[PDB]
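# First portion of the complex, with coordinates as positioned in the assembly:
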Amino acid sequence: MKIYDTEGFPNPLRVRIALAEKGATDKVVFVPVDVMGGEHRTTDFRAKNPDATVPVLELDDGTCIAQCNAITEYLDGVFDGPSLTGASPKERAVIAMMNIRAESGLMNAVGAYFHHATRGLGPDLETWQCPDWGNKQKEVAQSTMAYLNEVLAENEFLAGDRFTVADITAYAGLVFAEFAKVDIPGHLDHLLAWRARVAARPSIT
């Protein structure tokens, strides 16, 4: 197993947290990809991943899996320990639902603000920008923060009483929010308490 990624980027972070949760950090080789230098856009990399994104998981049979959720699915399945994606149809459905609320409402909404409404990665990489869309997505991010705060008033973690991929996604979303200077409203006590608990997990520290 090889993971092609870029240290310091939030999607690669998600996969590194998942891998640590599965106790499998040492079971992969990490291969740096120079995103800032456009390596992810080259024809060699596009052959692995037509999305031209990092991270990419490449198996020993040449299969290349892209996207955080798909990668987490694989890692969750082949390694033991608690189930990040769920162990029954109900649990898998609930986790999936909550993970997508985090991903679309926070992670990708902050992303859209960063990449569209700020300089983002600079003009070489941000080849078309729509700042109106980006600024709206910052609002979506903040409304999602408030929703997750409500969930976390009644639940230890996003999907119930156990840590799952939904928590990893939301956590990375908050880290990304801070980097992008999207304010996390200070009255969201439950979200902030959950954040400190998650940040203290050994997979993240």
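Received, thanks. Residues are numbered from 1 along each chain as shown, chains lettered A, B, ... in the order given.
# so where do the strands sit in chain A?
With DSSP state E as the criterion, chain A has strands at A:2-5, A:29-32, A:56-58, A:64-66.
# Go through these and pick out the most buried.
With neighbours defined as mean count of other CB atoms under 10 Å, the strands of chain A peak in mean count at strand A:56-58, which reaches a mean of 23. In this view, the C-beta of every residue, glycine as well, is placed from N, C-alpha and C.
# Please parse chain A into its domains.
For chain A, the structural domains run A:1-83+A:202-205, A:84-201, going by curated CATH domains.
# any residues touching the longest helix belonging to chain A, and which ones?
If you go by DSSP state H, chain A has its longest helix at helix A:131-154. Residues outside helix A:131-154 that contact it (CB atoms under 8 Å, 6 or more residues apart in numbering) are A:98, A:101-102, A:105-106, A:108-118, A:158, A:170, A:173-174, A:177, A:182-185, A:188-191, A:193-194.
# picking up where we left off before, mean neighbour count, the domains of chain A: which tops it?
Neighbour counts (mean count of other CB under 10 Å) averaged over each of these peak at domain A:84-201, with a mean of 18.
# how close does residue A:18 sit to residue A:199?
As defined by CB to CB, to the nearest Å, residue A:18 lies at a distance of 16 Å from residue A:199.
# my bad, residue A:57
Taking CB to CB as the measure, residue A:57 falls 25 Å from residue A:199.
# for residue A:158, same thing?
From residue A:158 to residue A:199 the distance is 15 Å (CB to CB).
# picking that back up, restricted to helices, list the contacts of helix A:131-154.
Mapping the contacts of helix A:131-154 onto helices (DSSP H) picks out A:98, A:101-102, A:108-117, A:170, A:173-174, A:177, A:189-191, A:193-194.
# Now residue A:85: closest residue in space, sequence neighbours ignored.
Spatially, and ignoring its direct neighbours in sequence, residue A:85 is nearest to residue A:76 (4.6 Å; CB to CB, 6 or more residues apart in numbering).
# put chain B onto that model:
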Amino acid sequence: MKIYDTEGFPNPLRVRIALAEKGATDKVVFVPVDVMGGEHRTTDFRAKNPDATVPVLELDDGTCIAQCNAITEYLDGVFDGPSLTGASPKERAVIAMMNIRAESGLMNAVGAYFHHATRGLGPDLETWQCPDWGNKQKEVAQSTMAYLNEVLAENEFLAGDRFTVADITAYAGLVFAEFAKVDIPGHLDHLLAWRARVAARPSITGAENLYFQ
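With chain B added, the chains above now look like this:
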């Protein structure tokens, strides 16, 4: 099991196709939701689904599952027959990857065009638009069609040799593209051949039109 949905909308279609594939249509009670009248946006409905979307799958214990992929996960898991979401870690991962390419690149891309760059559902429902985004997303949709055509040259279905959720998502995306008047380039022979074979499946009526009033 209850499914709250709206005939003629493409995300409800995806769930109805998956239910039929799992041979479970008769296990659910369908409850109509009047999206054109704003029912999905009310307080009662938002308590079931804070996303304010259809379809919503309400289990007998009251658990409400929203989003097509989560609902499909539930249905694929509980019922037997072929595995729409995969039966090994590698297959699950490949199907997920292809399903998200179809969903983000085609289904949601056509959706963004429709709701942002056209009149969409009309001004009572389309409360804010960003037409520049919508137009960019039509381009994304057409690029995705070309990509799927290349996949389908080498694979019978999107994820390999079996029909999966990825095919459902892509099929609904093409139906949506036609409704929205996003042209499917006529030279994409593999995509078109796949589409005809999918449409003929007994889970898919083939008559089914998207529509709203």
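# Go back to the contacts of helix A:131-154, now with chain B?
Contact with helix A:131-154 is made by A:98, A:101-102, A:105-106, A:108-118, A:158, A:170, A:173-174, A:177, A:182-185, A:188-191, A:193-194, B:50, B:128, B:130, B:132-133, as judged by CB atoms under 8 Å, 6 or more residues apart in numbering or on different chains.
# just checking, residue A:67 touches residue A:51?
Yes - Residue A:67 is within contact range of residue A:51, at 7.2 Å (criterion: CB atoms under 8 Å).
# Please save the CA atoms from the longest helix of chain A in CSV.
This file holds the C-alpha atoms of helix A:131-154, laid out as CSV (Å, rounded to 0.1, in the frame of the first residue of the first chain):
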residue,chain,number,x,y,z
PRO,A,131,-15.9,34.5,-5.4
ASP,A,132,-19.7,34.9,-5.0
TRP,A,133,-20.0,31.1,-4.6
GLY,A,134,-17.1,31.0,-2.2
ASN,A,135,-18.6,33.7,0.1
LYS,A,136,-22.0,32.0,0.2
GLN,A,137,-20.2,28.7,1.1
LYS,A,138,-18.6,30.4,4.1
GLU,A,139,-22.1,31.0,5.4
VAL,A,140,-23.0,27.3,4.8
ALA,A,141,-19.9,26.4,6.8
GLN,A,142,-20.9,28.4,9.7
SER,A,143,-24.5,27.1,9.7
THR,A,144,-23.1,23.6,9.7
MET,A,145,-21.0,24.4,12.8
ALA,A,146,-24.3,25.4,14.5
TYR,A,147,-26.0,22.2,13.5
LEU,A,148,-23.1,20.0,14.7
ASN,A,149,-23.2,21.9,18.0
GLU,A,150,-26.8,20.8,18.4
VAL,A,151,-26.0,17.2,17.5
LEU,A,152,-23.1,17.2,20.0
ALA,A,153,-25.4,18.5,22.8
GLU,A,154,-27.2,15.1,22.7
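# Next, the angle helix A:108-117 makes with it.
160 degrees (axes from the mean of the first three to the mean of the last three CA atoms, to 10 degrees).
# Chain B versus residue A:84, what's the distance?
12 Å (CB to the nearest CB, to the nearest Å).
# brain fart, residue A:203
In this view, residue A:203 and chain B are 20 Å apart by CB to the nearest CB.
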